[PDB]
Amino acid sequence: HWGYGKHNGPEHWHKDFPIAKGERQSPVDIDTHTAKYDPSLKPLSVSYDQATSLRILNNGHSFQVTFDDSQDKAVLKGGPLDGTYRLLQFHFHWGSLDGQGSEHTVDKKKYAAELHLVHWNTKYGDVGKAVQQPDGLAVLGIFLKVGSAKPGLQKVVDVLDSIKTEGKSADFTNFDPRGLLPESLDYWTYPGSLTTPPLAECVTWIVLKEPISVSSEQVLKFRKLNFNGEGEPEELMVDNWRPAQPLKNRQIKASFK
Ligand SMILES: [N]S(=O)(=O)[C][C][C][C]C123[B@]45[B@]67[B@@]89[C@@]1%10B81%11B698B746B814B562B%10%1143
Ligand SMILES: [Zn+2]
């Protein structure tokens with residue numbers, strides 16, 4: 001029922017999901033001059049060498065690549081986190097044109113897209129339990145700007161024509177998510193929420209300072225996707241981003257000076 005349009009978009013979500021007006025909603029604008037360098041923050045540990053991708057799916061709001069999360073194979077640790085978080089899926093948010101598409105903003109700047117790698121805390125045993133806890137999820141967010149192609153994204157781009165419409169899926173084995181990461185793991189962090197319904201307040205956000213560059217041809221393929229199902233009136237899957245929400249009583253911390 002929910003979506004990104006005039007009649008079902010972000011301004012409507014609070015009716016079915018009242019937490020939309022909560023105290024720790026995401027995304028937010030990252031004011032770089034107000035974010036506090038925290039020398040107690042540890043380097044982020046990204047251990048993706050044994051990742052096992054399974055499927056790629058158009059879920060009617062984005063496309064996602066899903067992973068086997070039944071053992072510690074692709075895990076996030078360190079940084080602001082206590083314990084171990086397993087990679088479940090990644091997906092993207094993007095715009096109709098290159099000047100919008102990201103969910104987080106940096107000094108009000110919008111990037112062309114944003115990659116979210118979604119992880120859950122192993123101490124809660126499964127993701128459905130983790131989303132009920134304030135420290136249940138860790139989402140690693142990476143900005144995309146348009147420039148040179150990202151080689152590690154091409155395998156994704158080349159299969160999008162097979163999942164054009166909603167609920168369509170394909171095999172997507174042997175994909176290495178290390179190929180989506182920028183050089184630096186410098187980050188901002190704050191406590192927040194899912195940016196899509198149910199908007200649960202369960203996420204430690206880790207947003208990388210360094211964007212990745214993707215080519216115009218790569219992002220053009222994202223924009224050929226459809227929100228609609230097969231045979232239904234065609235509506236391009238574009239502008240699938242929630243705008244920045246009030247920071248309220250939260251501090252954004254920087255891992256770098
Ligand atoms: N854009 S974002 O990265 O904030 C969304 C993170 C939600 C991921 C989820 B997957 B499916 B639906 C939602 B519920 B259930 B599992 B549970 B985890 B959260
Ligand atoms: Zn997301």
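Here, residue 1 is the first one in the sequence, and each next residue gets the next number. Start at 1 and go down the list; that is how both ligands and their atoms are numbered.
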Checklist entry - Judged by non-hydrogen atoms, does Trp205 sit under 4.0 Å from ligand 1? => result yes

Next on the checklist: Would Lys109 pass as a cation-pi partner of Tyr111, given that its NZ or CZ must be under 6.0 Å from the six-membered ring centre and within 45 degrees of the axis?
Outcome noted: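 So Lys109 does make the cation-pi contact.
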
Can you tell me the protein heavy atom closest to [atom] and the distance?
| atom | result |
| --- | --- |
| atom 9 (C) of ligand 1 | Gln89 NE2, 4.7 Å |
| atom 7 (C) of ligand 1 | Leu194 CD2, 3.7 Å |
| atom 3 (O) of ligand 1 | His91 CE1, 3.2 Å |
| atom 18 (B) of ligand 1 | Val127 CG2, 3.9 Å |

Checklist entry - Where the Zn ion (ligand 2) is the corner point, what angle links ND1 of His116 with NE2 of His91, to 10°? => result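 Output for this angle: 110°, rounded to tens.
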
For [X], atoms of ligand 1 separated by under 4.0 Å from a heavy atom:
| X | answer |
| --- | --- |
| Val118 | 3 (O) |
| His93 | 1 (N) |
| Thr196 | 5 (C) |
| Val131 | 17 (B), 19 (B) |

Checklist entry - Is it the side chain, the backbone, both or neither of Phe92 that has a heavy atom closer than 4.0 Å to ligand 1? => result neither

Item to check | Residue portion contacting ligand 1 (non-hydrogen atoms closer than 4.0 Å) for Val139 | outcome: side chain

Next on the checklist: Looking at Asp82 and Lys123, is there a salt bridge between them, counting it only when a charged N and a carboxylate O are closer than 4.0 Å?
Outcome noted: no

Checklist entry - Is the closest basic N to carboxylate O distance between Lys36 and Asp38 below 4.0 Å? => result no

Checklist entry - Will you find, in the side chains of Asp239 and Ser96, an N or O donor that is under 3.5 Å from an N or O acceptor? => result yes

Item to check | Polar contact flag for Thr195 and ligand 1 (N/O pairs, less than 3.5 Å) | outcome: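 Looking only at distances, the answer is yes, because the N/O contact criterion of under 3.5 Å is met.
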
Can you check whether a protein heavy atom sits less than 4.0 angstrom from [atom]?
| atom | value |
| --- | --- |
| atom 15 (B) of ligand 1 | no |
| atom 12 (B) of ligand 1 | no |
| atom 5 (C) of ligand 1 | yes |

Checklist entry - Parallel, tilted or perpendicular: which fits the ring planes of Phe63 and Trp94, with parallel below 30° and perpendicular above 60°? => result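 It falls in the tilted class, 30° to 60°.
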
Item to check | Geometric class of the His61/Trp2 ring pair [parallel <30°, tilted 30-60°, perpendicular >60°] | outcome: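 Answer is tilted, since the angle falls between 30° and 60°.
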
Checklist entry - Got a sec: does the NZ of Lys145 have more than 12 other heavy atoms crowding it under 6.0 Å? => result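 Counting neighbours around NZ of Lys145, 12 or fewer heavy atoms of other residues, nucleotides or ligands fall under 6.0 Å, so no.
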
Next on the checklist: Quick check for you: to the nearest 0.5 Å, what is the distance between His1 atom NE2 and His7 atom NE2?
Outcome noted: 11.0 Å

Next on the checklist: Donor-acceptor pair, distance only, cut-off 3.5 Å: does the side chain of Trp13 make one with the backbone of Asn8?
Outcome noted: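 Checked: pair present.
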
Checklist entry - Can you list the residues that meet the side chain to side chain contact (heavy atoms under 4.5 Å, CB included) rule with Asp98, with sequence neighbours excluded? => result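 Residues passing side chain to side chain contact (heavy atoms under 4.5 Å, CB included) with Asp98: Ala112, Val146, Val219, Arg223.
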
